[PDB]
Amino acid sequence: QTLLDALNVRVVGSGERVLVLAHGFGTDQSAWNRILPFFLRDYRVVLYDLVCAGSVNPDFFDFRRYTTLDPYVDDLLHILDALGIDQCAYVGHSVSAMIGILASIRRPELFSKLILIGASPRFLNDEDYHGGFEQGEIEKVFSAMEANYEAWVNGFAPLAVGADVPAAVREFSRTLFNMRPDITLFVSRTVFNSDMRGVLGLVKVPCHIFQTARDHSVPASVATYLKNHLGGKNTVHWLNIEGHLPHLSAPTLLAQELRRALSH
């Protein structure tokens, strides 16, 4: 219960099929609020907050521990194990997509399916590989994030949301601004330093790759990369949704696509 309490674990819904909804960067579990009504009636929905979420006591964010994705996988597995979940479908936005991938390699039996939203195994460019970002441009962003966090949020949130959906821009900004600035920077460094390309072939559960248009964080070719390199049966859903946070900006359409992927 103490981790379950610390990370605001919530189990809701009247169904028996277990569905884990795992928020990503800059949000908390409330990013799923508008998706939830579409699943509460026929799934048992598990939600939690990543340790870096603005909604979690920043005392739990231990900079000596959370230096890679692996301790975040530990937290997810502990939660699922504590709850007695021996199989689930798992939806991971942003960094939670990579967390779910790693968890699935550790525990191949735990996941029936992974649904990946706004996922990338690597943000940085490399030889054969377009991640979308150059090392140099990214140091400039880290400097701005350190120099003026509130301003960085206000410039970043419209790019992340992408589509002109002011309510979703304000909502993402709200949860980014709830994160302690040095946590946000450290998490961002952690993930820009991450490269999951080498482990994708180890995954054996089926993955549904949800890819929006003009995703600031994820070039189209990255979705194709995941499809070609994840080791199990993969399916790309090319969503008629613009931007990196489709659960915030287009929830109805996102929820219908999720239901389709789950029923596949």
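Position 1 is the first residue in the sequence shown; the rest follow in order.
Note on 221-229 vs 49-57: mean CA B-factor is higher in 221-229.
Per-stretch averaging of Cα B factors for 97-105 and 188-196 places 188-196 on top. Of the candidates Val141, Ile117, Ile183, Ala160, the one whose C-alpha carries the top B factor in the deposited record is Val141.
Based on the entry's C-alpha B-factors, the most elevated value among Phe123, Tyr90, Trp152, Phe172 belongs to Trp152. Per-chain ranking of the deposited C-alpha B factor places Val12 in the highest third. Annotation for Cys207: C-alpha temperature factor in the lowest third relative to the rest of the modelled chain, per the entry. Per the deposited record, the Cα B-factor of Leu176 falls in the lowest third when ranked against the other modelled residues of its chain. In the deposited entry, the Cα temperature factor of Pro37 places it in the highest third of its chain's modelled residues. In the PDB entry, a CA B factor belonging to the lowest third of its chain's modelled residues is recorded for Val20.
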